[PDB]
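In: structure for this input, please:
(one chain, ligands or ions: 1)
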Amino acid sequence: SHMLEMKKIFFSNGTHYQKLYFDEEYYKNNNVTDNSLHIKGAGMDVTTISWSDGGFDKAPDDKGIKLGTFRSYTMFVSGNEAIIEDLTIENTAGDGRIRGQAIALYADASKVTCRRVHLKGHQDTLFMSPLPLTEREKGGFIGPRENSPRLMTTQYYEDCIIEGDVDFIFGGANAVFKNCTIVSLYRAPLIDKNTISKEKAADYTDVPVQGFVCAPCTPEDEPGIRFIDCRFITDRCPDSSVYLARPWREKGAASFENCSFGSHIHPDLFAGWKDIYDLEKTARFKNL
Ligand SMILES: [Cl-]
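Out: Residues are numbered from 1 along each chain as shown. I have put the structure below:
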């Protein structure tokens, strides 16, 4: 019957500093009638897409008291399908204690495939649609999908590297991570600046827990997030300081199949949300 031109973009080697928003408006204006996007770089770390918006920043408009998690993204992609290969996407805002949540990829398309992609941030590095049913804090979901329906998505990440500290893979998606390196980043004691003296050490706020890798809000019936043959490593987190998962919503699901865990991973594996030491019995966390 007929042929149609599809949208595929190459990003040269180098760093591209921009906030990419691949929404309905982008597709209509570029005549992408199948609302699908393929992006390609010159190699996982030779091409870098980069921005530095953080959730605690000033609000850019009359909406919200702050920029917000879900407006923090370096790249947002929606539509029927998104494919991303051979590049890095980073949010360089920094430590979540200072700049707040800061998304590298807001992955919102019904089908998402990432091959040989490096995602870098700290808190909330990778977000996979959908959002939970209801916000826990006022305005918490302000962003592209705040008032959109909670559509399920299906996501595959192959030979990727994903970095962060706190809830850095999160959302309600059905997602598979296959042969990925999952890097927990150390959260250093922060100096209390009002304790600076001339001849004496300052005081520091230590961190009880170094991080949680995965924070799903999986709906009841869906399989949710699966890590397969993935490696969990750290830069310099201390032993037994990191949890694989905590349930962002009561019934979140995360499974780890034939994964290898560095010694930064706590032997209990999974943390509660309310209470780190009491995992809500409704969570679906498994290590096979
Ligand atoms: Cl897929």
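In: my guess is residue 250 contacts residue 283. True?
Out: Yes. Using C-beta atoms under 8 Å, residue 250 is in contact with residue 283, at 7.3 Å. C-beta: built from backbone N, CA, C; applies to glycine.
In: secondary structure element holding the residue in the stretch 151-288 of the chain positioned nearest to the ion?
Out: Residue nearest to the ion within the stretch 151-288 of the chain (C-beta to the ion): residue 156, separated by 4.3 Å. Per DSSP states H and E: residue 156 is located in strand 154-158.
In: residues touching residue 179, list them.
Out: Residues in contact with residue 179 (C-beta atoms under 8 Å, 6 or more residues apart in numbering) are 158, 159, 228, 229, 230.
In: check residue 221 too.
Out: With contacts taken as C-beta under 8 Å, 6+ apart, residue 221 has no neighbouring residues.
In: try residue 88
Out: 41, 44, 45, 47, 48, 49, 50, 117, 118, 119, 120.
In: now the strands: where do they sit in the stretch 1-150 of the chain?
Out: For the stretch 1-150 of the chain, the strands defined by DSSP state E, counting those that start in this stretch cover 8-11, 14-17, 20-22, 36-41, 47-51, 75-77, 81-91, 105-107, 111-120, 126-128.
In: any chance of those strands in TSV, plus distance to residue 198?
Out: Below are the strands of the stretch 1-150 of the chain laid out as TSV (distance: least, C-beta to C-beta, whole Å):
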stretch	distance to residue 198
strand 8-11	50
strand 14-17	40
strand 20-22	48
strand 36-41	50
strand 47-51	39
strand 75-77	46
strand 81-91	37
strand 105-107	46
strand 111-120	38
strand 126-128	44
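In: what residue lies at the spatial centre of this structure?
Out: For the chain, residue 126 is the residue whose C-alpha lies nearest the centre (C-alpha atoms, centre = their mean; 1.5 Å).
In: that one and residue 168 touch, don't they?
Out: Yes. Counting by C-beta under 8 Å, residue 126 does reach residue 168; the two are 6.4 Å apart.
In: now for these two: what residues contact both?
Out: With C-beta under 8 Å, 6+ apart, residue 126 and residue 168 have common neighbours residue 162.
In: next one: stretch 12-30 to chain centre, how far?
Out: 19 Å (C-alpha atoms, centre = their mean, to the nearest Å).
In: show residues contacting that stretch.
Out: Residues contacting stretch 12-30 (C-beta under 8 Å, 6+ apart): 7, 32-33, 35, 37, 41-43, 46-51, 53, 73-79, 82, 144.
In: could you dump that stretch to CSV, C-alpha only?
Out: What follows is stretch 12-30, C-alpha atoms only, in CSV (Å, rounded to 0.1, in the frame of the first residue of the first chain):
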residue,chain,number,x,y,z
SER,A,12,26.8,14.4,16.7
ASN,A,13,29.7,13.5,19.0
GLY,A,14,29.9,16.3,21.6
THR,A,15,27.7,17.7,24.3
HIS,A,16,24.3,19.1,23.3
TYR,A,17,23.1,21.5,26.0
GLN,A,18,19.3,21.7,25.7
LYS,A,19,16.0,20.8,27.2
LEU,A,20,14.3,18.5,24.8
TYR,A,21,10.5,18.3,24.8
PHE,A,22,9.2,15.8,22.3
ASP,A,23,5.4,16.3,22.8
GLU,A,24,2.3,16.4,20.7
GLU,A,25,3.1,20.0,19.5
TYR,A,26,6.6,18.8,18.2
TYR,A,27,5.0,15.9,16.3
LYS,A,28,2.3,18.1,14.7
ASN,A,29,4.8,20.7,13.7
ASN,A,30,7.3,18.2,12.2
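In: list the buried ones in that stretch?
Out: Neighbour counts over stretch 12-30 (16 or more other C-beta atoms under 10 Å) mark 19, 20, 22, 26, 27 as buried.
In: close to the ion: what parts of the protein are there?
Out: Residues of the chain lying close to the ion (C-beta under 5 Å from the ion) are 111, 113, 154, 156.
In: report the two of those residues separated the most.
Out: The largest separation in the residues of the chain next to the ion, counting by C-beta to C-beta, is between 113 and 154 at 9.3 Å.
In: and the helices in the chain, which stretches?
Out: Secondary structure of the chain (DSSP state H): helices at 24-29, 96-99.
In: returning to that earlier point: whichever of the contacts of stretch 12-30 end up buried, select them in ChimeraX.
Out: A single ChimeraX command is used to select the members of these judged buried by 16+ other C-beta under 10 Å:
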select :7,32,35,37,41,47,48,49,50,51,53,73,74,75,76,77,78,79,82,144
